[PDB]
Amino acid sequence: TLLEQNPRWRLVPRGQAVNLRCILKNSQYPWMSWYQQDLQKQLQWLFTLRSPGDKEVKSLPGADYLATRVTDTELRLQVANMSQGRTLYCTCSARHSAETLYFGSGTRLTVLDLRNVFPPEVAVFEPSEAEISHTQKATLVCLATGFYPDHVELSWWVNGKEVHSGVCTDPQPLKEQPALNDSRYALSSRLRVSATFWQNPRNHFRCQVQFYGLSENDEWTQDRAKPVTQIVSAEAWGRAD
């Protein structure tokens, strides 16, 4: 890994600001830049700042930016006056042009009302006996429901180990009320296994949903749980024939 970029996500209330930091881990790629990706997925260069002390500002629809090359290995960005989310990437390259551009892990920023943030409820649904009889396969379904905003990562864990074979997760969440511009979301996933594997009561299946929510730094004043970043899971054991 050539770059360390932080934070990886932030919810930003309208008009407020967030600080991003990128650390270069390999001095052979000293050309450090910031790129944004808008909600239409268009990538756009913002700044390339080469020397310590270099500072420049730029305004695009949705955000005001202030970028600083602090040291030979540290690049910073303040995103302010936010009115629309975006993803920001730190990049590095060995020369200013004509070489491979490497992207950091990115910072996803979402602009919303913090009082509307909700973690998912998560449920696992056991394979149908009719599917088992008809196909000798067993599909488990995981449903994550009622969450806002839409940034979750879903994973399956079998006997304590993350699995990928047999998994299909919706590429995009669905809006529970598509007519609202602040609808909560739902996401489904399937894990398909052999019937005999599901029919073993020694086997344990868990659907894990990582939710990216509020910061501990945001003051919460409501009479429900504070919807910080958290994992919500649901589980099932196999069921003999």
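One-based numbering along the sequence shown.
A.B. asks: When the C-alpha temperature factors are averaged for each of 224 to 232 and 19 to 27, which stretch ends up with the higher value in the entry?
C.D. replies: Averaging CA B-factors over each stretch, the winner is 19 to 27.
A.B. asks: On mean Cα temperature factor in this entry, is 177 to 185 or 47 to 55 the higher one?
C.D. replies: So the stretch with the higher mean C-alpha B-factor is 47 to 55.
A.B. asks: Out of 81, 135, 110, 128, which shows the largest CA B-factor listed in the entry?
C.D. replies: In this record, 81 carries the highest C-alpha B-factor of the candidates.
A.B. asks: Which of these has the highest Cα B-factor in the record: 91, 100, 155, 73?
C.D. replies: Going by the entry's C-alpha B-factors, 73 comes out highest.
A.B. asks: How does the C-alpha B factor of residue 60 compare with the rest of the chain: lowest, middle or highest third?
C.D. replies: Highest third of the chain for residue 60's C-alpha B-factor.
A.B. asks: Could you look up the Cα B-factor of residue 193 in the entry and say which third of the chain it sits in: lowest, middle or highest?
C.D. replies: Lowest third, going by the recorded CA B-factors of the chain.
A.B. asks: Could you place residue 40 in the lowest, middle or highest third of its chain by Cα temperature factor, using the values in the record?
C.D. replies: Residue 40: CA B-factor falls in the highest third of its chain.
A.B. asks: Quick check on the deposited entry: does the C-alpha B-factor of residue 204 sit in the lowest, middle or highest third of its chain?
C.D. replies: Its C-alpha B-factor, which the entry lists for residue 204, ranks in the middle third among residues of this chain.
A.B. asks: Consider only the C-alpha atoms of the modelled residues in this chain, order them by B-factor as the entry records it, and name the third containing residue 169: lowest, middle or highest.
C.D. replies: Ranked within chain, residue 169 CA B lands in the middle tercile.
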